[PDB]
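Novice: Here is my input, please return the structure:
(8 chains, ligands or ions: 24)
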Protein chains: 8
Amino acid sequence: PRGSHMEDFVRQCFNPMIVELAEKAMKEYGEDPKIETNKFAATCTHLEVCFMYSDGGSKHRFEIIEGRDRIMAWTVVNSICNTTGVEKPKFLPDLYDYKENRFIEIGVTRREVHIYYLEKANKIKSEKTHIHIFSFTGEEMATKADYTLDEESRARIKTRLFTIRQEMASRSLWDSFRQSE
Amino acid sequence: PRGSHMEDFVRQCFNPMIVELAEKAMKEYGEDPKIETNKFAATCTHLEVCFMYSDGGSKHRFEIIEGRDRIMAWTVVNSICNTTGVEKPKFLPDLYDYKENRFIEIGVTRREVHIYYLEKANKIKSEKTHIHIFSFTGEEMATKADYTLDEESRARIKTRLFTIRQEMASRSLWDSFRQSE
Amino acid sequence: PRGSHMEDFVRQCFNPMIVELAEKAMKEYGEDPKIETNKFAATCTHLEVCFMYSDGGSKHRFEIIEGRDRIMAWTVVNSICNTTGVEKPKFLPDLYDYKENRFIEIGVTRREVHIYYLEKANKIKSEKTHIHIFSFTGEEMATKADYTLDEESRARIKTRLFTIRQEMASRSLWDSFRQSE
Amino acid sequence: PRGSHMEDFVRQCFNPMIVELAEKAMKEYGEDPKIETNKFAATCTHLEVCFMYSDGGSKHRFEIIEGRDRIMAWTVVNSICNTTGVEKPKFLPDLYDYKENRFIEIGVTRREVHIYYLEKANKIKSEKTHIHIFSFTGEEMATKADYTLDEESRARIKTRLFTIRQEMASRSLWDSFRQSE
Amino acid sequence: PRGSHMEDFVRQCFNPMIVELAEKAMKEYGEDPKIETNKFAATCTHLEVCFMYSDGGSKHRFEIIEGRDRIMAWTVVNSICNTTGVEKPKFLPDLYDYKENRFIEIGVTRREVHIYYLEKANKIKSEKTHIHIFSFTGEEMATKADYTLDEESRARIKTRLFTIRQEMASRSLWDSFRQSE
Amino acid sequence: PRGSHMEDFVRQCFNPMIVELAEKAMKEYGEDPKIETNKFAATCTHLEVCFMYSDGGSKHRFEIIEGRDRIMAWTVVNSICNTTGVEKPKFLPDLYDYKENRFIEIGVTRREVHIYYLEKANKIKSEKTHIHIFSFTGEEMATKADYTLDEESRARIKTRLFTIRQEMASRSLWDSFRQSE
Amino acid sequence: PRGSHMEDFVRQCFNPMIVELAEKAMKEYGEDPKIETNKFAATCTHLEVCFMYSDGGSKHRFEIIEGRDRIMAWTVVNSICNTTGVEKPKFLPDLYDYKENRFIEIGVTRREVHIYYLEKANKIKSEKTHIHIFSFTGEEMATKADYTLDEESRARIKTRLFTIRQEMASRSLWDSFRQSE
Amino acid sequence: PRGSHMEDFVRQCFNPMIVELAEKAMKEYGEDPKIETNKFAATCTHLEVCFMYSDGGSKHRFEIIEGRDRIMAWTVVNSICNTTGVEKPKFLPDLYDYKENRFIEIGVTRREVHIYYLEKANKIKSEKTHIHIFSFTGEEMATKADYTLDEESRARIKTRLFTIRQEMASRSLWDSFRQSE
Ligand SMILES: O=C1c2c(O)c(=O)ccn2N([C@@H]2c3ccccc3SCc3c2ccc(F)c3F)[C@@H]2COCCN12
Ligand SMILES: O=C1c2c(O)c(=O)ccn2N([C@@H]2c3ccccc3SCc3c2ccc(F)c3F)[C@@H]2COCCN12
Ligand SMILES: O=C1c2c(O)c(=O)ccn2N([C@@H]2c3ccccc3SCc3c2ccc(F)c3F)[C@@H]2COCCN12
Ligand SMILES: O=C1c2c(O)c(=O)ccn2N([C@@H]2c3ccccc3SCc3c2ccc(F)c3F)[C@@H]2COCCN12
Ligand SMILES: O=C1c2c(O)c(=O)ccn2N([C@@H]2c3ccccc3SCc3c2ccc(F)c3F)[C@@H]2COCCN12
Ligand SMILES: O=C1c2c(O)c(=O)ccn2N([C@@H]2c3ccccc3SCc3c2ccc(F)c3F)[C@@H]2COCCN12
Ligand SMILES: O=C1c2c(O)c(=O)ccn2N([C@@H]2c3ccccc3SCc3c2ccc(F)c3F)[C@@H]2COCCN12
Ligand SMILES: O=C1c2c(O)c(=O)ccn2N([C@@H]2c3ccccc3SCc3c2ccc(F)c3F)[C@@H]2COCCN12
Ligand SMILES: [Mn+2]
Ligand SMILES: [Mn+2]
Ligand SMILES: [Mn+2]
Ligand SMILES: [Mn+2]
Ligand SMILES: [Mn+2]
Ligand SMILES: [Mn+2]
Ligand SMILES: [Mn+2]
Ligand SMILES: [Mn+2]
Ligand SMILES: [Mn+2]
Ligand SMILES: [Mn+2]
Ligand SMILES: [Mn+2]
Ligand SMILES: [Mn+2]
Ligand SMILES: [Mn+2]
Ligand SMILES: [Mn+2]
Ligand SMILES: [Mn+2]
Ligand SMILES: [Mn+2]
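Specialist: Numbering: from 1, shown residues only, chains lettered A, B, ... in the order given. Ligands and ions are numbered 1, 2, ... in the order given. Below, you will see the structure:
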């Protein structure tokens, strides 16, 4: 047994569906949520942001790729590629935008948004995949200064992120989380 | 007992409400889902596309004729005809469009959309009934190049169709399904 | 016991919430649904039309007065009058339109819409109350040729009304219902 | 035991979620709903108005601060301030408007709206916090004559307030409630 | 409007299903729950006791006659009589005991149980109908000193009755209720 | 369209799960509930009696064979036979009794129970299958005078049957139902 | 903000209904669950044990006094006393046993059961109130060596208590909890 | 992708809760349900049998150890051992019997029950752990000829097992499943 304070916080911070999907994702890659508790908190956070993000558009606008098992995520990507003609990305994206006709990679970072976007931009070769970074201090950075959603939908995310930061802080979990990325 | 791999795939591929409605439809016409398993898969697919399609418009836009028992489908058609003045079609359509004021026949084909539309166009005498064909490779073809719904709503359908194709393929069921139309 | 075929049809034709509200309305006025079965069918129909009607606008557009007990319906009317300055009507209306700022009296008739509107127009003294008649043959007639809702929302109602007519007919209940108004 | 007629009216007037949230709020400040029954009725009313108010905008428009425990309300305020740059208010507001980028203090008064707005305006130092007063007679008063929501959304609130007034009156509870502010 | 304190207490004292069934019962006999508020409280109480009583036996032991519309209550009585050979009672009973093979009339009184049993015993001619009286002070009296249920099941009822008495008292409603029988 | 009064009565008499299972059973054998309305009423009745019957024993006592598709009913029979050693019956039974270790054929008749039991006894060759007949007048007849369940569980069934008889009668449907067996 | 590891553990250890009832109980006595976190854990534990305990008897055996607001707990006690003749206890008990006709005070201790029973026995003057102590190491001690429930029902409680002990230990919360009584 | 016919059968054969728990169990041990499809079918079967088994006793009789994550299963075992004094087993058991005070290891085999019991008996050192083997042909074998449950509860399991065998057979999956143990 590990008995982590972070694990208990994550289960009280996030809704059960988010917790369960992150748990399953971590296991698919051979990570244990009871040990890699910072990663447990990060994947739950990233998932909520993706779900909040997809809720921001018009109905039917987004295809959610994140939150699926590896095989099924790539299946939906293939159907999207084979029906829209977009090139198949080399790395799994997070969403697909049926309005702008491009995949979206979403990032959540405890560092400056500019340095995380650099990393993801270099990692992904598919220059077509749109990148959108959010930070725990309320900054965001998006490819071509195109932020996809309107201001209010993005502001919700930023507010939620800062609330998770505080909840972590009041429990003395933030410092360990911050210096873990 | 038949014990079909396709039957089990259909029950895991489609949601129970779709499965049940297709089962009932097939029986109304004296077909057994446990034997005519390709038809089982086709009617479930066609139904989902119709439901996805009707979800694409503004609220109240569409009347769903598909997914009802024969007698009740013709009842709703009669009320539609007797209240809008449109001519009564000779063959049951799939939807009615209260915005464009016309019935819609929806088709899903494993062949080239152009050859399936030809068949349906000649079968139906009511030239007023709007035709919309979708293919399992992402093509679509609609009467008068009028596609009724906006791009994103149609792209969802095309993506879903290609996902069913893949799911069938990974189980070695696609070839039998394709060469069955 | 009465054991009416119409009573059983009404309970299978309408959803339980509509049936229950009409039953309660009829009793409040000292009418028995098991005897006055035509009135049972009429009040259920009128209620569904009112609910369909109120679903036709933008969110928050309509206040539903029908489907409440007498005392509470007049309470909501008073609050509406005392907050919008509109004159208090002499007879209970069916809805209030927050967009057009007027009460709506809704009518459903088995006769020509023009003769039913005449009756309601003369009955109500409050010339401000907007009148909207629907018929079982798909006609409608509204004060000042102002039909409040857009075409599709009204077409749904007309289709539903003609479907109830048919359902009644196939059971040989229509003739008795028609020649009862 | 107190056995208040007002307490029983409040539990039949408001929905359980509203009652429960007000009960919890009152206790957090060391007030007993079974004794301070006018305050019980007021906080339930204020809460419903806030929830009705937040339902009036576009989706994602408002952040609801009211209806949370003290510590969590200030947490969401901090995240809002730390992500939008708005100054942190000295007193807890009721909502945040992501469209207009300002906090909203909502007031419900049994006096003239003009005298209650004066009080709240002087109490709060943060001149940025938008003030919106509703009265039990259907008047409203908002900072800069900017009423945030469109007419119909505000008219619903005014109607609901006058309905609570009547419900109180028919039980001879209004006079005590009015002369308690 | 009547605006009764008793009416509001009844809706907070009893569960909605009990309230609704009593309301419907009272209307079937041309009584208004908003005026005859003592009768409103009495019929709700009597109903709860009957339901508690029927929950006291083994599964399938009791047929609940109370809580049905007049016509259906007499229908179930007829089926019981026509299948068990028991004589048809002249007045509607409250339950039927499939173990002891007899109808049960249940009484709840604010007077001495002995004087209420006398009344019911003389009212009913069918000496076969078993009588069981409960009082608001915890006394009970049953035909032939046969109390049907075991002690604990009857003690629950007595406890619940005294709790309703107290709830009424703390609101100064008991005296009016007591001196109303 | 047929528009039967019996069809509407059946849908108001029986619970939706019973109606649906009977509908499906009738179709599996190529019968239409909208035409063979007496058979519709009979199969619903028989099903309810079987479900009531299986609810009469101790938990786990009965295996319900009725209410399944043909293929699955015979599957459960085979597992029962292949695990208890009982001989496989030639005709589908209604239940299996794990306490008495025998299949049960349940019958509901509008004639004298003695003449219906004769028919079923001669039809079935498996003398091991226990027979239990119920009548619409409250009589019952069981193999070897062994009635499996205790008195109260059987009395419920008899009461329910006579209630269906009355409900049919008050609608002038009984005579046609009776003279149809 | 306090941000306690114990608080988060309690919300993941106990079911929401238990957490909520304990939170409300603590506030009624002017204790904050966010600060007095050991008491938060203790009251949740005690509540679960009481609910498990009451689930151990026959149906209707126990009246649950714990888990109610102070005023209502004493109301049910009064009805119990005024209907069974038992003397009214000076301190709120946890249950009432309708079979043995006595109140039960339940205790959960981190010390030797014998020393906690001594304390409760001296605190309560009503020698009639039955005492039942459980320990976190699986010991129990009951008045007159009468343990009310059968062995299996008590063993469940003991197992659950030791599981909470372990869950606390694996998080390094046990030592602080133990040395807090 | 694997696309197994067995995988699809398992998801249609077992209820979602059973499927999900087995999936999670298999992953905890580094097995993939999409590849080890026979093991997928076996663990689902074993789980259902355990749940059926635990449903066979009196309420509170059994503690279910199977169907939990490794760490929590051993936690409940420790609490059971530390509260009943039973020796801690070396290998995780399936249940604990509070009536007979012993752990139960449940086995399901496609071979002769006698050879599987031999294996489990030698594997486990704790001679105290009670062993109960079920076969897919309806045989069972239990330690000391003590079968814990009464006949009917065990017969249900045997019937269910043979039904899974048939369902597998009709799909030509049985032979591969049988020759896999
Ligand atoms: O989708 C992602 C993913 C992102 O989309 C992302 O933005 C950042 C990081 N990711 N990774 C996520 C992840 C997601 C969110 C926060 C941290 C991590 S850290 C690695 C990891 C992930 C999932 C499970 C797991 F066990 C991991 F170790 C992996 C990269 O491989 C494709 C899926 N994926
Ligand atoms: O509505 C349709 C229908 C279509 O709308 C359609 O587009 C293609 C094909 N259809 N047919 C559907 C159907 C639907 C979808 C896929 C395949 C089939 S193949 C024949 C068949 C259908 C339904 C039940 C059944 F038993 C059948 F044999 C029948 C044609 O008679 C009117 C209803 N209908
Ligand atoms: O609101 C209506 C109402 C209408 O709004 C309406 O359009 C036509 C007719 N109405 N009446 C409805 C009614 C509604 C729909 C169809 C038929 C009837 S017929 C009389 C009656 C009604 C309700 C209960 C009852 F027992 C009745 F006898 C009464 C007129 O008194 C105010 C309420 N009300
Ligand atoms: O948010 C409010 C609040 C308002 O927003 C408001 O508009 C008027 C009045 N308020 N107060 C509310 C309140 C809200 C609605 C109606 C009356 C009261 S009267 C004092 C009181 C409140 C909450 C609990 C409690 F026990 C109280 F005594 C307190 C002021 O401290 C911050 C929270 N709050
Ligand atoms: O069943 C009862 C009934 C009893 O069973 C009973 O015990 C006492 C009294 N009853 N009556 C109940 C009733 C039940 C409980 C408490 C008070 C009353 S007072 C009259 C009344 C009743 C129902 C509706 C109504 F409008 C009434 F005026 C009527 C007597 O006519 C048959 C039904 N019924
Ligand atoms: O199980 C029964 C069955 C009985 O168990 C029974 O007792 C009487 C009669 N049965 N039959 C039932 C049935 C059941 C209840 C009332 C009438 C009927 S009449 C024929 C029929 C049945 C089912 C569907 C259908 F379309 C039918 F025409 C058929 C006999 O073939 C095996 C299944 N079955
Ligand atoms: O019922 C109990 C109670 C017990 O029944 C008990 O066994 C031990 C202790 N109790 N007390 C419980 C309690 C219950 C369980 C564990 C610790 C505590 S510690 C004090 C406290 C309690 C409740 C709220 C609160 F804020 C408290 F400070 C109070 C004693 O006043 C009557 C109610 N009550
Ligand atoms: O509990 C069991 C278990 C049994 O109880 C059992 O009876 C037979 C076999 N078991 N094993 C089960 C299992 C259960 C049912 C059918 C086959 C298997 S095969 C190995 C395996 C199991 C679980 C997950 C997994 F990935 C596995 F490879 C493992 C042995 O390690 C402790 C848990 N466990
Ligand atoms: Mn991703
Ligand atoms: Mn990402
Ligand atoms: Mn069609
Ligand atoms: Mn089509
Ligand atoms: Mn009206
Ligand atoms: Mn009208
Ligand atoms: Mn506020
Ligand atoms: Mn405010
Ligand atoms: Mn009665
Ligand atoms: Mn009575
Ligand atoms: Mn049968
Ligand atoms: Mn039969
Ligand atoms: Mn206590
Ligand atoms: Mn205690
Ligand atoms: Mn195991
Ligand atoms: Mn095992």
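Novice: Kindly confirm my reading that residue A:107 is in a strand.
Specialist: Yes. Residue A:107 forms part of a strand when assessed by DSSP: H, G, I helix; E, B strand; the rest coil.
Novice: burial measure for it, as a count.
Specialist: By other C-beta atoms under 10 Å in any protein chain shown, the residues close to residue A:107 number 19. For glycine as for every other residue, the C-beta is placed from the backbone atoms N, C-alpha and C.
Novice: got the contact list for the helix or strand containing residue A:114?
Specialist: Assigned by DSSP states H and E, residue A:114 belongs to helix A:113-123. By C-beta atoms under 8 Å, 6 or more residues apart in numbering or on different chains, the residues outside helix A:113-123 that reach it are A:91, A:105, A:107, A:109, A:131, A:133-135, A:139-141, A:143.
Novice: In TSV: the residues you listed, plus distance to residue H:67.
Specialist: TSV is the format used below for those (distance: C-beta to C-beta, whole Å):
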residue	distance to residue H:67
A:91	36
A:105	38
A:107	38
A:109	39
A:131	42
A:133	41
A:134	38
A:135	41
A:139	45
A:140	43
A:141	46
A:143	46
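Novice: Please identify which of these is nearest to chain D.
Specialist: residue A:139 (8.9 Å; C-beta to the nearest C-beta).
Novice: rewinding a little: mind listing what the helix or strand following the helix holding residue A:114 pairs with, with the direction of each?
Specialist: Counting by DSSP H and E, the next helix or strand C-terminal to helix A:113-123 is strand A:130-135. According to DSSP bridges, strand A:130-135 has the following sheet partners: strand A:102-109 (parallel), strand A:140-142 (antiparallel).
Novice: Packed most tightly, which of these would that be?
Specialist: Most buried of the strands paired with strand A:130-135 by mean neighbour count (mean count of other C-beta atoms under 10 Å in any protein chain shown) is strand A:102-109; its value is a mean of 22.
Novice: Only the C-alpha atoms, please, for it, written as PDB.
Specialist: The C-alpha trace of strand A:102-109 is given here as PDB (Å, rounded to 0.1, in the frame of the first residue of the first chain):
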ATOM      1  CA  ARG A 102      -8.100  20.200 -37.900                       C
ATOM      2  CA  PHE A 103      -7.000  18.100 -34.900                       C
ATOM      3  CA  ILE A 104      -6.300  19.800 -31.600                       C
ATOM      4  CA  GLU A 105      -3.500  18.900 -29.100                       C
ATOM      5  CA  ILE A 106      -4.400  20.400 -25.700                       C
ATOM      6  CA  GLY A 107      -1.700  21.000 -23.100                       C
ATOM      7  CA  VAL A 108      -1.800  21.900 -19.500                       C
ATOM      8  CA  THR A 109       1.500  23.000 -17.900                       C
END
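Novice: Any residue of that strand touching ligand 9?
Specialist: No. Strand A:102-109 does not reach ligand 9 (C-beta under 5 Å from the ion); its nearest approach is 7.1 Å.
Novice: close to ligand 10, is that strand?
Specialist: Yes. Strand A:102-109 lies within reach of ligand 10 by C-beta under 5 Å from the ion, at residue A:106.
Novice: I would like the residues contacting that strand, please.
Specialist: Counting by C-beta under 8 Å, 6+ apart, A:42, A:45-46, A:49-50, A:53, A:62, A:65-66, A:77, A:80, A:86, A:89, A:91, A:93-97, A:115-117, A:120, A:124, A:126, A:128-136, A:148, A:161, A:181 sit against strand A:102-109.
Novice: Any of those residues buried? List them.
Specialist: Buried by 16 or more other C-beta atoms under 10 Å in any protein chain shown: A:42, A:45-46, A:49-50, A:53, A:62, A:65-66, A:77, A:80, A:86, A:89, A:93-97, A:116-117, A:120, A:124, A:129-136, A:148, A:161, out of the contacts of strand A:102-109.
Novice: and of the contacts of helix A:113-123, the nearest to residue B:33?
Specialist: residue A:91 (40.5 Å; C-beta to C-beta).
Novice: and that closest one, what is it in contact with?
Specialist: Contacts of residue A:91 by C-beta under 8 Å, 6+ apart are A:105, A:123-124, A:126.
Novice: can you name the two of those residues that are farthest apart?
Specialist: A:123 and A:126 (10.3 Å).
Novice: and the residue of chain A nearest chain F?
Specialist: residue A:17 (29.6 Å).
Novice: what's the spacing between the closest residue to residue A:144 other than its chain neighbours and residue A:84?
Specialist: In this structure, residue A:144 finds its nearest non-sequential neighbour in residue A:130, 7.9 Å apart by C-beta to C-beta, 6 or more residues apart in numbering or on different chains. For residue A:130, the distance to residue A:84 equals 14 Å [C-beta to C-beta, to the nearest Å].
Novice: swap in residue A:46?
Specialist: Residue A:46 is 25 Å from residue A:84, by C-beta to C-beta.
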